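Observations on the model geometry
Here is what each chain is made of, one letter per residue.
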Amino acid sequence: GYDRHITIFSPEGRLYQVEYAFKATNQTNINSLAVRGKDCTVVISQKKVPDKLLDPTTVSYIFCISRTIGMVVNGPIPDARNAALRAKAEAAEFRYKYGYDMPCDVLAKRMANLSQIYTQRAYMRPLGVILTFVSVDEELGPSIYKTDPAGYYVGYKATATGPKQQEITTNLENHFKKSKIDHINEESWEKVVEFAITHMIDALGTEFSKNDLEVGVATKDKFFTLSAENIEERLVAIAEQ
Amino acid sequence: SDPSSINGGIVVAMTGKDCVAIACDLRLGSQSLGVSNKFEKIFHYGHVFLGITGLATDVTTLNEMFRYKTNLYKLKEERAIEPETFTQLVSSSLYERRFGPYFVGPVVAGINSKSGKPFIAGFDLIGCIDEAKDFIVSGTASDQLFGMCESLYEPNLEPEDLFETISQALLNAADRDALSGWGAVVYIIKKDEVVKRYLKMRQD
Amino acid sequence: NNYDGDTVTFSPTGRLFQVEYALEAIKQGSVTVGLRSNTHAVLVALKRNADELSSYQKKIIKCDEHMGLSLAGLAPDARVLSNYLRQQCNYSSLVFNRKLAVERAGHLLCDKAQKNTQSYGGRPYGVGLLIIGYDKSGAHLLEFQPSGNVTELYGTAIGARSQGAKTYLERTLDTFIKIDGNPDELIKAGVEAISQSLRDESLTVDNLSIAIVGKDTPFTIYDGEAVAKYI
Amino acid sequence: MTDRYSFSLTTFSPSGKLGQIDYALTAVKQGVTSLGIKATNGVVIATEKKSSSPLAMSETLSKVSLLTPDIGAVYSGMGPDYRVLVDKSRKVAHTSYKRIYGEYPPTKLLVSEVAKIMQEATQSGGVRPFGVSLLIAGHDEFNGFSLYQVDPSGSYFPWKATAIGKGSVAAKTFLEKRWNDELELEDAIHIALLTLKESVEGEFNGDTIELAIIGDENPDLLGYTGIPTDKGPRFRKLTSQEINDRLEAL
Amino acid sequence: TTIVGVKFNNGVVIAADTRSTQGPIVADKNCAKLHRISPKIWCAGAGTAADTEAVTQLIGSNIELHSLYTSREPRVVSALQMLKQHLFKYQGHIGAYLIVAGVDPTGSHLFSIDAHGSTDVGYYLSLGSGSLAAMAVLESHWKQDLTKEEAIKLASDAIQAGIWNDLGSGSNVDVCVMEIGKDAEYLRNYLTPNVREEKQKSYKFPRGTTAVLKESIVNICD
Amino acid sequence: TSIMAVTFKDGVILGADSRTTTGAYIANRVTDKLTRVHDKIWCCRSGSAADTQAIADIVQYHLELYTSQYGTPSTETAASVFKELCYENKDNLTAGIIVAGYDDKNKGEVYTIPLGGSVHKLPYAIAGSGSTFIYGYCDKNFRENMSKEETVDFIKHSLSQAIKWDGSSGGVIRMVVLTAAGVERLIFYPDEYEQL
Amino acid sequence: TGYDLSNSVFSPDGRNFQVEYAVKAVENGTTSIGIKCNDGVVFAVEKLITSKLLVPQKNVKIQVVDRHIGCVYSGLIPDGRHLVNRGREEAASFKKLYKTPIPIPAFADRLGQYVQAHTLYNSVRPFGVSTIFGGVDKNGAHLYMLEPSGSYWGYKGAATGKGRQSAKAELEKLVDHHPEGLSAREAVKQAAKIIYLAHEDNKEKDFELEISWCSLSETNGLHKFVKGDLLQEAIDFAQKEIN
Amino acid sequence: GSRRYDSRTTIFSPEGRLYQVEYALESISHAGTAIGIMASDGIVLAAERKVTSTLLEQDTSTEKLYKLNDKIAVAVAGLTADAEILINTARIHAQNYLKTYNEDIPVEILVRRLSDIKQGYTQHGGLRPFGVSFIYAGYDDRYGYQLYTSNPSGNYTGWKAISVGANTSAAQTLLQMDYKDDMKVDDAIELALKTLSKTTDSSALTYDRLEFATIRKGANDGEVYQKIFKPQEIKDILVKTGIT
Amino acid sequence: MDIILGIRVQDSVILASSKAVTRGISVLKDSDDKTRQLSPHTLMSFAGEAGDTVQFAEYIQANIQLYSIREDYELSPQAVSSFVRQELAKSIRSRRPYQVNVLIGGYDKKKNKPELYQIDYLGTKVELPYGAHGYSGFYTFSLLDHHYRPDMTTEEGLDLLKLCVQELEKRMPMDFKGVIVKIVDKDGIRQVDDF
Ligand SMILES: [K+]
Ligand SMILES: [Mg+2]
Ligand SMILES: [Mg+2]
Ligand SMILES: [Mg+2]
Ligand SMILES: [Mg+2]
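About the thresholds
- Residues numbered from 1 in each chain as written, not as in the entry; some residues may be left out.
- Chains lettered and ligands numbered in written order.
- Part of a larger assembly, values for the part shown.
- Heavy atoms only, no water.
- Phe/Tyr/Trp six-rings, centres within 6.5 Å; stacked < 30°, edge-to-face > 60°.
- Helix = DSSP H or I, 4+ residues; strand = E, 2+ residues; numbered from the N terminus.
- Buried < 20%, exposed > 50% of the residue type's maximum accessible area, 1.4 Å probe, protein only.
- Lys NZ or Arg CZ within 6 Å of the ring centre and 35° of its normal.
- Contact = heavy atoms within 4.5 Å.
- Buried area = accessible area lost by both parts, 1.4 Å probe.
- Salt bridge = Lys/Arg side-chain N within 4 Å of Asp/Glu carboxyl O.
- Polar contact = N/O pair within 3.5 Å; in protein donor to acceptor, adjacent residues only side chain to side chain.
- Nonpolar A, V, L, I, M, F, W, Y, C, P; charged D, E, K, R; others polar.
- Donors = N, O, S within 2.8 Å, 3.2 Å for Na, K, Ca; no water.
- Pairing = 2+ DSSP bridges.
- Axes fitted to C-alpha atoms, helices over the stretch in contact; angles between N-to-C directions.

Looking at the entry header, you'll see X-ray crystallography listed as the method and 2.70 Å as the resolution.

Our next topic: the packing of aromatic side chains. Per the stated rule, a full pass over the model turns up 55 aromatic pairs over all chains. Judged by centre distance (5.9 Å) and plane angle (40°), the rings of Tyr16 of chain A and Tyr20 of chain A are tilted. One end of the pair is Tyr16 of chain A and the other is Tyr20 of chain A, both in helix α1 (residues 16-24) and four residues apart, which spans about a single turn. Of the two residues, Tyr16 of chain A and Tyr20 of chain A, neither departs from the other in class, the shared state being buried. Chaining the aromatic ring pairs together yields one cluster made of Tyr2 of chain A, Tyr5 and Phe7 of chain D together with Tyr5 of chain H. Over the ring of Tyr69 of chain E we find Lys109 of chain A; its NZ or CZ atom is 3.8 Å from the centre of that ring. Above the face of the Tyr198 of chain B ring, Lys214 of chain E is positioned so that its terminal group lies 5.8 Å from the ring centre.

Our next topic: the interface of chain B and chain E. Counting from both sides, the interface comprises 39 residues of chain B and, opposite them, 35 residues of chain E. Interface area, chain B with chain E, both sides summed: about 3,200 Å², of which 56% is carbon and sulfur. Among the residues chain B hides against chain E, the three largest losses belong to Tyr95, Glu164 and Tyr198 of chain B. Together they make up 16% of the total. Scanning the region where chain B abuts chain E turns up seven salt bridges. Taken together, chain B and chain E are joined by 17 residue pairs in polar contact. Breaking the side of chain B that touches chain E down by element, the ones donating at least two residues are β9 (129-131), α3 (142-152), α4 (159-174) and β12 (193-199) of chain B. If one sorts the elements of the side of chain B that touches chain E by residue count, α4 of chain B sits on top with eight residues. Per-class residue counts for the side of chain B that touches chain E are 16 nonpolar, seven polar and 16 charged.

What follows deals with the pattern of salt bridges. One pass over the structure, following the stated rule, counts 98 salt bridges over all chains. Salt-bridge contacts for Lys191 of chain A lead to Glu194 of chain A; the nearest nitrogen and oxygen are separated by 3.6 Å. One end of the pair, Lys191 of chain A, and the other, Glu194 of chain A, are both in helix α5 (residues 189-204), three residues apart, so they sit about a helical turn from each other. Among the residues examined, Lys191 of chain A registers a relative accessible area of 42% and is labelled partly exposed. We classify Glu194 of chain A as buried; its relative accessible area is 8%. Here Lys41 of chain B makes a salt bridge to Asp25 of chain B, at a shortest N to O gap of 3.1 Å. In this pair, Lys41 of chain B is assigned in the loop between β4 (33-36) and β5 (42-45) and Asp25 of chain B in strand β2 (residues 19-25), connecting sequence segments 16 residues apart. Each member of the pair, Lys41 of chain B as well as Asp25 of chain B, carries the same accessibility label: buried. Each of the salt bridges in this network shares a partner with another, and the network as a whole consists of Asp105, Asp137, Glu138 and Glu139 of chain A together with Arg72 and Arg75 of chain E.

What follows concerns the coordination of the magnesium ion (ligand 4). Taken together, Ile163 of chain F (O) and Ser169 of chain F (O) make up the full set of protein donors to the magnesium ion (ligand 4), lying 2.4 to 2.8 Å away. Just as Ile163 of chain F is buried, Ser169 of chain F falls in that class too.

Our next topic: the sheet that holds strand β6 (residues 138-144) of chain C. All names here are of chain C. Overall, antiparallel pairing links the five strands, which are arranged β3-β4-β5-β6-β7 in an open sheet. Every interior strand has two partners, whereas the edge strands, β3 (60-64) and β7 (150-152), have only one. If you compare each strand with its neighbour and ignore which way they point, the axes differ by 20° on average. Looking at chain direction, β6 and β7 are connected through three bridges and run antiparallel. By the bridge assignment, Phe144 is partnered in β7 with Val150. The strands touched by helix α2 (residues 75-96) within the sheet are β3, β4 (67-73), β5 (127-135) and β6, with β3 carrying the most contacts at an inclination of about 20°. Along the sheet, helix α3 (residues 102-115) makes contact with β4, β5, β6 and β7, crossing β6 at roughly 15°.

At 2.4 to 2.8 Å from the magnesium ion (ligand 3) lie its protein donor atoms, namely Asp177 of chain B (O) and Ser180 of chain B (O). Considered together, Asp177 of chain B and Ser180 of chain B belong to a single accessibility category, that of buried residues.

Positive phi is not limited to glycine here, since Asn145 of chain F has a value of about 60°. Along the polypeptide, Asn145 of chain F turns up in the loop between α3 (135-141) and α4 (148-165). One non-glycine residue, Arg8 of chain H, lies in the positive phi region at around 55°. Residue position: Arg8 of chain H is located in the segment before α1 (19-28). Exposure remark for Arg8 of chain H: the relative accessible area of 54% places this residue in the exposed category.

All right, on to the sheet that holds strand β10 (residues 135-139) of chain B then. Taken in spatial order, the six strands make up an open sheet running β10(B)-β1(B)-β2(B)-β11(B)-β12(B)-β13(E), and their pairing is antiparallel. The sheet is open, and its two edges are formed by β10 of chain B together with β13 (212-218) of chain E, each paired on a single side. The sheet shows a mean angle of 15° between the axes of neighbouring strands, direction not considered. In this sheet, β13 of chain E lies alongside β12 of chain B in antiparallel orientation, the contact comprising six bridges. Note on β13 of chain E: the bridge partner recorded for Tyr198 of chain B is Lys214 of chain E. Its contacts with the sheet place α3 of chain B against β1 (10-16) and β10 of chain B, and it is angled at close to 160° to β10 of chain B. Against the sheet, α4 of chain B touches β1, β2, β11 (184-190) and β12 of chain B together with β13 of chain E, its axis set at about 155° to β1 of chain B.

We now examine the environment of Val227 of chain C. All names here are of chain C. As for its placement among the helices and strands, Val227 is situated in the segment after β10 (217-222). For the pair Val227 and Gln28, spaced 199 residues apart in sequence, the C-alpha to C-alpha distance is 25 Å. Leave out the neighbours within four places in its chain, and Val227 touches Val205, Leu208, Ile210 and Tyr222.

Glancing now at the interface of chain G and chain F. Across the contact, nine residues belong to chain G and ten residues belong to chain F. For the pair chain G and chain F, the summed buried area comes to about 920 Å², and 53% of that belongs to carbon and sulfur atoms. For the salt bridge of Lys96 of chain G with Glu84 of chain F, the shortest nitrogen-to-oxygen distance reads 2.6 Å. Here chain G is connected to chain F by four residue pairs in polar contact. If you list the elements that add at least two residues to the side of chain G that touches chain F, you get α2 (77-98) and α3 (104-117) of chain G. For the side of chain G that touches chain F, the element with the highest residue contribution is α2 of chain G, accounting for four residues. Here the residues of the side of chain G that touches chain F sort into four nonpolar, one polar and four charged.

Below, the structure is given as structure tokens:
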């Protein structure tokens, strides 16, 4: 059964290598979440540093692709960084060729096309990663677009990825059923980050210290990550309410 | 050693009432030496007529090239190419050789079989389309042809009248050019009949 | 077993079987010995014939005026690698007016062998080499394995029954290292070393091959009647 | 390194079958239903928007795509394969036709170029066939309206009406009863919505259905005025609201 | 050629003459120098005629594919970047001198491009052999906060300066108005101030004037 | 062109005229020869307009890709990228570029890159056709650790003279101030600077 | 099955068995460590003395990249050299284009991407080495450890090879007992101790110690080998602790 | 490496046969039958469409019969997509010859080159062969009317009458029975249809499941005409011979 | 090289080609045959740049002979001439173009007609009743314009050709050492030995 080793069709029309790449996604045992505010797009992800010998500042699955675009990865770090470097190069080339900043959704499509090629061409394996791109697009506003090893991509009102993704997904679904809107109706990004953490706490059922989390925020004209103290400040605000 | 004036020759096209005319001389020379008095410069692919002046080897080559391309067009499209479409094909093909061009002055003439509209067009050696309501000129006596056409031409001429006008435009222009003449051919083109006439002209 | 079809495959215990099989070709090869003092470096090699009508396969190759090696295993692979060393030694001379350090020679061979163990289609080199030389830091002896591993030593031996000579040199270490300014004695120690690897056969005049390089001695090879002195 | 797969991954079996093509067709069978109906004055193509999650914005994912102003495409099978085929199809319409003739290719020839791309994925080295069947609807001056199906093999057939994917067998039978050669475009849209309801299970509205037409020229969608011969695209995607209007008089 | 571009309140307008020359000879009396790159991005072109047409078509083609790829309306800066990099690559040998203008989601824009690859930004620009005649008018009558109708007047006046004073320019004035929130309106032959007067005489010949040697029917059918 | 860049106490200021020519015709009288390759790394352009634009675009791309991977590049790094392009393509380029930027560690820095593609780090740099006429003036008047107001006056007076004598220079005097505070754009019109 | 026969093939778990098999080759190799300190990094490695015939001090395993980065590795030694050769090419082209010497994090990713690339195709074999490396740049000291998969992180202390667990335990004690920081000269001594302690897991053949270091104050930010008096002092410190 | 997944499409069996060619011929034997019959005054091409659906657009359809130039046509049996690749090559080849020599390409020369392309896919490149068999019908001024066939092996032969695709064994016996040399086109038309009608796997032969074409000198004086039959023209010719 | 002539009469094509090969101030040879038989009923004469002429002639000869063997058939003079023209038309935009001018005389056996083609190095093809390359035409064309008739016999054509050679021998600056004359008709190609 060599149809399970390379990306050719099985008798039932499936691509097992693509399916097994999806299972590599959860190898890190980390859950990520993305939501949109009025002015911003917040992405949060768990940060697990098991080894005491690790430099915790270098352990990250969130990447600054361009000044405006951020990307969080669910999957092994080697493939994650492979995707990040390509995304950065693609975004830079786009700006040079076409004279304006690459939109979040266009970068997502491009990376998805690259992933599709690996599902059709035999010599290239799929990357065992799911890429969540976030920005505040100058045309489309707050944006979340997600890519997988099948080459599939789509925009999101909000999203979650990881082993316990389904719990987070339904938690968010139930909130948007209640609020009746496509986003978090909040002025400041600080409170949208607080919302993101609050709802992750409820869905996962765990408490977080300042070092258990990782936060990326996209606003108009810049995407940035938060420091441990920025998150701690945010955790204190949730606790005092 | 100016490629466009080694062999000599002229082509002119005109529109009339529900008809078009395209005409050319018959000379092929090598500078001063007249070599052939049978060298026709007008060709046709289906109902679309193409005249080509300039370097004679490129005239022959481009004829063979457009016959090639229009034959494949017809096989794949299952219909004859129209003048407007053929005009675009000529422009594309010439610009493809932008920095090593065919030294030619082609002229498209024909009637669109769907709309019935008369159509003429001219090109420079590198593809620039020159569309006209009235007339297109080309060749070593183009100045002369411009002067003849601009004065002799009037709109909506009948096929028989248009024949006289275009013939007199060509003949008198050719007689003021050393490299043009040695015989002439005129094509009168109606919606579904084409008449070809050889003109008597001075042979010097 | 299932992991020895090519060099690009690791076994479940992390082994490269094609590289190990290449290593096996060296073990079948005729014994050759290398040793040095502080002034000279010596190669001794037992040559092998097809039968009594044939010649004896040459084991020693000169690379430069100050460097050369002996071989054990696939001879054509030794020709390829020695030719590469000749070029590298030569490049160093023409471009930098510099005699190639014996250590760099080892690093270059290592990196050339390594590339043949990580790519599809290729195969490992099937030969082991003992490189001797005299450069700006004195005498040297290197051992090349086609796994890529190159090792600098006072003395060593490779080939069939090389363990006998290798044990002897390990005992004789303190003696032969201080044979300075005396070529014939350093060779004698090498000839006695290779004698610990002989079985049923003894060293004859068209059987023994010796090479030497040192402070005031270019790399030169001795065969035929020139080695009769040492039997 | 380098692509060492220079050999065919699709080969003939002893029985004469081309396995990978068959298996690609199997992937198309699993895919969501899409259909196309040809009327006298237009063509309609339609499909269900199977949402992956309710948090996903299904508007951002377009199953029906414009190839030229007068040609549109829809599919059944693998979405990613379709997306790259649309990219390639749009480009080849320019490179191998518009940049040569100064006009857009007729439907049959664009289809022919897409078919060629899919055939090559069936024979070239180190690639699998595309896991999609396309339905391409279009118009051109000399051939009028037309509808084509393109399979993973690269074969294409012209249709009066057809369906592909999940419930294609039932949908084709439904279309045989309803189709005549006198159908007006609005009648074809009506039949398209009826046929699609059979295969759709959950919600059936303008947000879960994607539908486009090839009909009259749309000068309002051109974006400029001043050239009489340029009259606008015949391809138009029906809005969510426009679908719901027709679902009341269903 | 004379070509111009003028910015106004809610958009941008470009214009051009319609003369095409071969040395001292007028080859085309009514050629179109206003080129559509996308529906709301238009290009006025001076220089080598085939070059301005070809480079405008190529970039227009690629802009269309880009617009389809990104699901976005094309931007003027994209056309600007693509044109300048193409022209720079050919080191001036592609003799295209362009005024690029249009409206997009970012706003309204006006640029110029030289055959060698340099680009300019301005509220008013002119290129071609009649650019000095045009620029003289623009420098005399331009002001900040022009209306639509004022900008059309200024643009066409600048082209007229070229038509009358430059031998390289003549015939008619073409205009294209690109306003924000509206469709771009292409005004082909907006002004036609060079209509040929009635000829003194009809040169229609008596039938039979031309001597003929042979006649034959030509077969165009299969 | 007349262009210059000058370091001072709080950082660095770039300066330029606004004239572009074909022969004696002024093709653009309001040109912007001061150009951003990064947030606080700018350049002054002189020579061929096409060449310097194409170069600046490539550099801006390189530094954007640098920033994505390694964070903010140094002014020296930016100058090195300019050099690499100018040096390796010296046969096909006519570009005289001054690179200027503000670090917080290194404060204000100026690098000039002439035709050959050599690099020269200086306290201040002048370039372009009009620079010839102010070598005397600038050398006599430049001091290190000037204030913002003093540096603005130095550049204003200098370019005023360069413009006065050089026919290829003119229009407005543009300036860009690079400090810790941020980026400030200054403009000065003929009526002010001509009567200095 | 058969999923483990070809590189770049995912198993049903989502694993690349060929990479995991390369890790076994690394675990088979000799012990190597890295210690991050106040203003730099220290590297050390175990060199098994196979025979008396090995020339002491003359089979150097620690490698320098550029002038400010040190690299050490465990596993297939030739594979490690190939990686360093690439590292040197990467560092050279960085300095060529950007003038400044390559930052350590930048360098870390260059190696990471290259190693990761050797898990993408079946026509190449993964690297049979884990590499500990680092140095001093404009932002201070950095220590990294890179694995056959391409995975790398920053470390306070790092260890790999046959005695990695013993070395890791010893490294963890230093991190706990010195929260403020360890000095460069102290770290050299500690590195010696840890290699000697990690040698218990490879105690048939006796060994040779090799240390190197980069320190802003002690080596002026450049990579240097520890030799002579400073080496013997570090050896003696280690000898006193095992007894 | 990738050796593991190589089918080795261009090798011999122990019996000296080409596996892939044999299996491609097996594929072709399930394709709709196509017949060519050469008469003294023209050539007939007849082909059966593969099990049709009533909603198939029959008039604007082409599956079996393709035009190569004005003097040459082909009937297809096998994968249509494969055939179109080859047909476009053949069309281009014909235009190259015309451009070079200013004469229409002799039939055999076109057939040889197309067959040579097929041959190449069986000897080198590691690609699967084209799963296609052609019947070539054409005219030139050297040999006049000619029928050829080529198959995935790249071998071609000339015929007076021949069938490809399904039921060739039964079809060839029937053609061998009723064919004679002094035959006319209209007689050949009848033989082609009668043969398909008896060899068909369908219940009854109808107009909608056929493609038909003739190559006659039935134009006006010394020139050749290609007639690709319209649906209604097939309906009439089917009635005229009394099959429906 | 220099003088090559061609005359097409009723039933044959006659080619006359000068025998001299001159390099510098020396006539190196006076018996040079500036022609190649491309097929049994097709003959090509040539003139132009030294080396280029024979290299081109023999290259064409090889190609036509290859075709003849492949198809067991003789290409028509029209087909051969078109092949030759295209080769020269390719050549003119090469890095180093063939500087060769040719006349192709052939008898079409299918049409039973003689045919004469004049092709220059640019690839300029014309069918003619009589042809010439180089300065020869400046004398012979006007002469043949006067004396040529389309219904002439081979003997009449040879006398007409003698008249051309005589004129060239009178008015041409250079000594071209007479001509080799060859006749192409229904029976193939033969050489006139006494001219
Ligand atoms: K024009
Ligand atoms: Mg793959
Ligand atoms: Mg005349
Ligand atoms: Mg001035
Ligand atoms: Mg000629």
